[PDB]
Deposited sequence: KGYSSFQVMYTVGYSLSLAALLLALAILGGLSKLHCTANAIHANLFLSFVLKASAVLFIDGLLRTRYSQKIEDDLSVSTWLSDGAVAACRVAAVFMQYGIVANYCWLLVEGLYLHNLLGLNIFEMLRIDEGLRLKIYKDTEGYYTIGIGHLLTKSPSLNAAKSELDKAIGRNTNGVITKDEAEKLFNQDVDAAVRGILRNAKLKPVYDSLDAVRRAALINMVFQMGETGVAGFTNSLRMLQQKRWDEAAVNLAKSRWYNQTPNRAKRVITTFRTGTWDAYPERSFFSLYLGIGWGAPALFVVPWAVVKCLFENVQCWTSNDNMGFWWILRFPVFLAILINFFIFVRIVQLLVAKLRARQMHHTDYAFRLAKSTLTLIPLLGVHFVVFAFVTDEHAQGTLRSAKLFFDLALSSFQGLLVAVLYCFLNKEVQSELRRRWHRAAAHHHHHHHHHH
């Protein structure tokens, strides 16, 4: 146990140093402020909580529990709760990581317009409109709109259509928008000198206000053509288009400003991530801390530390992760086959870390769960020794090896 104690001490302390360093890096570099890095930071924090609790409990008990004093039992129990909380939070944030990557892979111009326009199988005022944001006519007459709809679909729809017909209209409208940009003299050079995400951001506006409607922001076009994203964002915020549809304009403007899909899907969607990563563990850990304090309030509530009963929420988090994992793979090979992306892409590089971490941590937890119930000490010491380094592994995979992080570090180094 002496060697085992030394090994997990080195593992958790090294993990803690690396995690605090990674947190200082993500927090201190403003250009790295994306949703993915906020998720990584919260994951880092959960491991920081775990490692801090482990090192503290270890200092209090192994540097016994039958005769602990009033302050000792208190600090020890608080540390035990924080340890359990950190352990469940690890897997819940790995789950959030899988969710974010999965949603990121599904994002494109199609999904973006699909979020900003929705899908209405019946005609509605936006001007009469149906399907996914498809204009019918600006004429007040309802029959005049229904006529254009029935003519466009080639049948008596009576103002009601199917989803297949709607998306069929959708693909055409996207094609027409892109051709409208390419034919335009004042829009094409701007579109050519743009990354795929911002190109989609321009196509959004063309899909909403037509070709000439976006052509009318030439003073705002030259700015993003000059890569002055900030002032372009401000001037776009000043525009009448912002006053008419602020909620959509914010997402598009931030898509121009950040060059990321972070605006999508929706604002405060991150609160769900917070609820899963921090709240969900609280839902299971708090009541069981209550049961511990009420009925098993002995020693330090000290399975090698982790509470037995808490397996199952983690199991749940792992189970869901499995289905996410599979889906992600299916998207990846799809995007690679269609050449919609390649290995230098951010989604792929994120997948390199997340798709290793999910099976690694999941299989490790399942193995731990089976071994702890065998009533085996060798397998426990080995797996826990290696598991102590997991915070270091996460910090390395999500931060230190990250291309944007290293690029920013090289840039700040080169500026000097």
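The chain's deposited sequence has unresolved stretches at 1-2, 66-76, 140-142, 319-321, 395-399, 441-452, with no C-alpha coordinates there.
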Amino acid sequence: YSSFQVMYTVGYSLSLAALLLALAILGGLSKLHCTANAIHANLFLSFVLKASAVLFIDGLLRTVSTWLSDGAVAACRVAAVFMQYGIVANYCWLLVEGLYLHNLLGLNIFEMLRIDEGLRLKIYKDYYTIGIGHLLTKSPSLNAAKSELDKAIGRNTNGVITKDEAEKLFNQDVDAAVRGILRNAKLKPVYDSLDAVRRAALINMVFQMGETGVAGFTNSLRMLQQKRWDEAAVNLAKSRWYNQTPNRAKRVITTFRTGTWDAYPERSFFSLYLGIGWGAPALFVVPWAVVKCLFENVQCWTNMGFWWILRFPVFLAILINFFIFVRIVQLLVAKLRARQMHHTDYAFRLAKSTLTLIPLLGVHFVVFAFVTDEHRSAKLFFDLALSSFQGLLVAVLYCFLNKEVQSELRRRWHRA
From here on, numbers count along this sequence of modelled residues.
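Checked against the record, the higher mean CA B factor of 279-287 and 222-230 lies with 222-230. Between 185-193 and 93-101, the higher mean Cα B-factor belongs to 185-193.
The maximum CA B-factor among the listed residues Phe256, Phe295, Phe312, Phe325, taken from the PDB record, is found at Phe256.
Across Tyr242, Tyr346, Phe306, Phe82, the entry's maximum B-factor at the CA atom is seen for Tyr242. Annotation for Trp67: C-alpha temperature factor in the highest third relative to the rest of the modelled chain, per the entry. In the deposited entry, the Cα temperature factor of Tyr127 places it in the highest third of its chain's modelled residues. For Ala416, the recorded CA temperature factor ranks within the highest third of the chain's modelled residues. Sorting the modelled residues of the chain by their CA temperature factor places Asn235 in the highest third.
Among the modelled residues of its chain, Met205 has a C-alpha B-factor that falls in the highest third according to the deposited record.
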